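One structure is given here, and the rest of the page talks about it.
Counting starts at 1 for both ligands and their atoms, in listed order. Atoms considered below: every heavy atom in the structure, side chains included; atoms not considered: hydrogens, waters and symmetry mates. Start at 1 with the first residue, then count along the sequence.
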Amino acid sequence: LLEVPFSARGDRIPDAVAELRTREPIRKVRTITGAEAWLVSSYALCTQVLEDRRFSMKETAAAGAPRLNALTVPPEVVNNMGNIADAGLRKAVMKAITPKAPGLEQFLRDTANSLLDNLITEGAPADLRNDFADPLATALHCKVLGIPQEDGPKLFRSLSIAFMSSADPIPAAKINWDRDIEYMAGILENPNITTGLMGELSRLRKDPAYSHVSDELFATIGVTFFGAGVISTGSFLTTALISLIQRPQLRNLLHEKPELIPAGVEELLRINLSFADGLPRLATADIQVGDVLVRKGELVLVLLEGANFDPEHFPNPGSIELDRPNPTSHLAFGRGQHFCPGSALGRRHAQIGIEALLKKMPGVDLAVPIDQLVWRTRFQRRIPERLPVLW
Ligand code: HEM
Ligand SMILES: OC(Cn1cncn1)(Cn1cncn1)c1ccc(F)cc1F
């Protein structure tokens, strides 16, 4: 059986995706747990799966379900956004994680420029992952959640294990989770926390209307959104920076015309290889997908770069084009029921980070050969451990 994932490299799509997409856009594969799954790799079939609610995210956590990887969190964390809705906490979460919050844009700006000024002061080479993108992501999310900036680095520490993509259960993941939860639970009891998502969650927790809502859930929300948001924005910006560095005339164009930076980031999103695995769903019924009858109880993996590099939807898919007619129609944020609630913020993080970097380091380039980057393995994202650059 063809094994997944194909490659841990986040800088280059494997040739085998284009071949697999045309001939077998749904194809049986084996996951690292040894489970069988259906890998879907065309825009047509990927959208089908994500729009069909009978292909369930929640049910991937069912006992004895075939698994893409080992659970690193309680089985109910996989249903976090549903739980959030059922508790009536939805539009509050959404309010907290909008990039439009007064002062947030300028905070991101000033934070980005300050990180860059420190790198320019220290001298090249600079590691843009550990000393720019990830610290930017972490700073942002502390702001968003209303927790102290100095607390960011320690919560960040859990993510190299929390977002592993493991064949086997991970002892450390439970230890870290319990500790982070305990942390968030204290944050909720802290009267000084009056801003951001945790400032809100804290005041809803006092109101007896929300007596039905557990303390586990409130604290879980904080841990979940921090980790998910920090890993995704930090990881996406890092590999987006590589794509940009490798396209000097695009780098030059955006530096000259910063108004095109949103169009550039949308393209960088479309071609991004940050998700290491397809998005998993469990079929809750027998459902036809292309030439395959997917059976109740079976795992399906939605390969985002399958869809995103599909020439049937995106002409010249390997090329970054700033004048595409339907540019936001990629699947980098998913589709349907579980479309990323952080997508607006994820955009602005990348847009502002890139704008800062292009202005401070207009001559940015890799300071090592591309084949020297060390790609993290058995992780839910594809990222280089370090991104050395000069300017
Ligand atoms: C460039 C940045 C980001 C990317 C590429 C990204 C990607 C994704 C994708 C592909 C999904 C759908 C997963 C699926 O359907 O199985 C998703 C869902 C989700 N994202 Fe993001 N995300 C990003 C930023 C963020 C941020 C900033 C946050 C929170 C602050 C966040 C929180 C979430 C949550 C809670 C879900 C689950 C939604 C649900 O189940 O209804 N993401 N994200
Ligand atoms: O954070 C996850 C996964 N995820 C991150 N982006 C898109 N999906 C769960 N997770 C898996 N390993 C560690 N954490 C998550 C977050 C919220 C949610 F509602 C579901 C969900 F699977």
Side-chain angles (χ1 to χ4, degrees), residues 46-47 49-51 53 55-58 60-61 67-85 90 93-94 96-99 108 133 136-138 140-145 158-166 170 173 176-177 180 196-197 217 220-240 265-266 268-282 300-305 307-308 330-351 353-354 379-382:
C46 288
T47 60
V49 173
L50 292 176
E51 290 186 2
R53 73 194 75 196
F55 290 113
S56 173
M57 174 183 291
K58 163 177 173 112
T60 63
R67 291 223 28 112
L68 169 68
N69 51 213
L71 278 169
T72 62
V73 297
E76 42 286 356
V77 181
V78 181
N79 193 49
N80 198 57
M81 276 293 289
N83 292 343
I84 277 168
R90 183 81 206 279
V93 165
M94 292 309 304
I97 74 169
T98 315
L108 262 177
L136 193 58
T138 303
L140 176 63
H141 284 79
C142 285
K143 188 89 180 328
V144 160
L145 269 84
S158 312
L159 306 185
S160 64
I161 291 178
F163 286 86
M164 289 183 166
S165 180
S166 185
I170 310 172
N176 280 335
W177 178 257
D180 293 348
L197 176 66
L217 180 42
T220 302
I221 288 161
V223 174
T224 296
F225 276 63
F226 181 89
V230 172
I231 205 80
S232 301
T233 54
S235 304
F236 170 58
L237 182 51
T238 300
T239 45
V265 165
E266 209 70 33
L268 288 168
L269 285 163
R270 182 180 68 77
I271 65 159
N272 99 85
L273 299 173
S274 70
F275 277 67
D277 307 295
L279 303 180
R281 297 298 190 262
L282 208 85
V300 179
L301 304 174
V302 177
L303 192 73
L304 297 179
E305 66 262 41
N308 285 345
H330 59 77
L331 313 184
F333 295 124
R335 185 174 203 90
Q337 185 174 150
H338 303 279
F339 186 88
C340 185
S343 71
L345 186 62
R347 281 177 184 112
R348 291 262 64 215
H349 176 263
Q351 293 172 186
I354 288 179
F379 198 66
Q380 283 169 230
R381 301 283 184 286
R382 293 171 176 126

Kindly confirm or rule out a cation-pi arrangement of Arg381 over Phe275, judged by NZ or CZ under 6.0 Å from the six-membered ring centre and within 45° of its axis?
yes

Flag, side chain of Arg67 to backbone of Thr60, donor-acceptor distance under 3.5 Å:
yes

If only atom types and distance count, is the side chain of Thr72 paired as donor or acceptor with the main-chain N or O of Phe163 below 3.5 Å?
no

Quick check on contacts: which atoms of ligand 1 are under 4.0 angstrom from a heavy atom of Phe275?
7 (C), 8 (C), 9 (C), 10 (C)

Applying a 4.0 Å heavy-atom criterion (strictly less than), which segment of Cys340 is in contact with ligand 2: side chain, backbone, both, or neither?
neither

Within reach of ligand 2, part of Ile231 (heavy-atom separation under 4.0 Å)
neither

I'd like to check whether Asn79 has a polar contact with ligand 2, where a contact means an N/O of the residue lying under 3.5 Å from an N/O of the ligand.
no

Going by the closest heavy atom to atom 22 (F) of ligand 2, which one wins out of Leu71, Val78, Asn69?
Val78

For ligand 2, note which part of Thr72 has a heavy atom under 4.0 Å away: side chain, backbone, both or neither.
side chain

Under 3.5 Å, is there a donor-acceptor pair between the side chain of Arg270 and the main chain of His330?
no

Please classify the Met164 to ligand 2 contact at 4.0 Å (heavy-atom distances, strictly less than): side chain, backbone, both or neither.
neither

Side chain, backbone, both or neither: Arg347 near ligand 1, heavy atoms under 4.0 Å:
neither

Nearest protein heavy atom with distance in Å, relative to atom 17 (C) of ligand 2
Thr224 CG2, 3.6 Å

Who's the nearest protein heavy-atom neighbour of atom 35 (C) of ligand 1, and how far?
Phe225 CZ, 3.5 Å

Would you mind listing which atoms of ligand 1 come within a distance below 4.0 Å of any non-hydrogen atom of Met81?
38 (C), 39 (C), 40 (O), 41 (O)

Which bit of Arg281 is near ligand 1, meaning a heavy atom under 4.0 Å away: side chain, backbone, both or neither?
side chain

Near atom 21 (Fe) of ligand 1, meaning under 2.8 Å, how many protein N/O/S atoms are there?
1

My understanding is that only residues two or more places apart in sequence, or in another chain, count here; which of them pass side chain to side chain contact (heavy atoms under 4.5 Å, CB included) with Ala228?
none

Mind checking side chain to side chain contact (heavy atoms under 4.5 Å, CB included) for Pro341 and listing every partner two or more places apart, or none if nothing turns up?
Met81, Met94, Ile97, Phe225

Ligand 2 contacted by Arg381 (non-hydrogen, < 4.0 Å)
yes

Side chain, backbone, both or neither: which applies to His338 and ligand 1 if a contact is any heavy-atom pair less than 4.0 Å apart?
both

State whether the side chain of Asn308 and the backbone N or O of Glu305 hold a donor-acceptor pair below 3.5 Å, judged by distance alone.
no

Considering only heavy atoms, does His338 approach ligand 2 within less than 4.0 Å through its side chain, its backbone, both, or neither?
neither

Answer side chain, backbone, both or neither: which part of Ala332 comes under 4.0 Å from ligand 1, heavy atoms only.
backbone

Does ligand 1 have an atom under 4.0 Å from some heavy atom of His141?
yes

Numbered atoms and elements of ligand 1 in range of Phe236, under 4.0 angstrom, heavy atoms
1 (C)

Test: side chain to side chain donor-acceptor pair (under 3.5 Å). Region: residues 73-83. Which pairs qualify, not counting sequence neighbours?
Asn79-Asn83

Heavy-atom protein contact below 4.0 Å for atom 15 (C) of ligand 2
no

Examine the proximity of ligand 1 to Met57 and report which part, side chain or backbone, both or neither, has a heavy atom under 4.0 Å away.
side chain

How about atom 2 (C) of ligand 2: does it have a protein heavy atom within less than 4.0 Å?
no

Where the closest heavy atom to atom 21 (C) of ligand 2 is concerned, which of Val223, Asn80, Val77 has it?
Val77

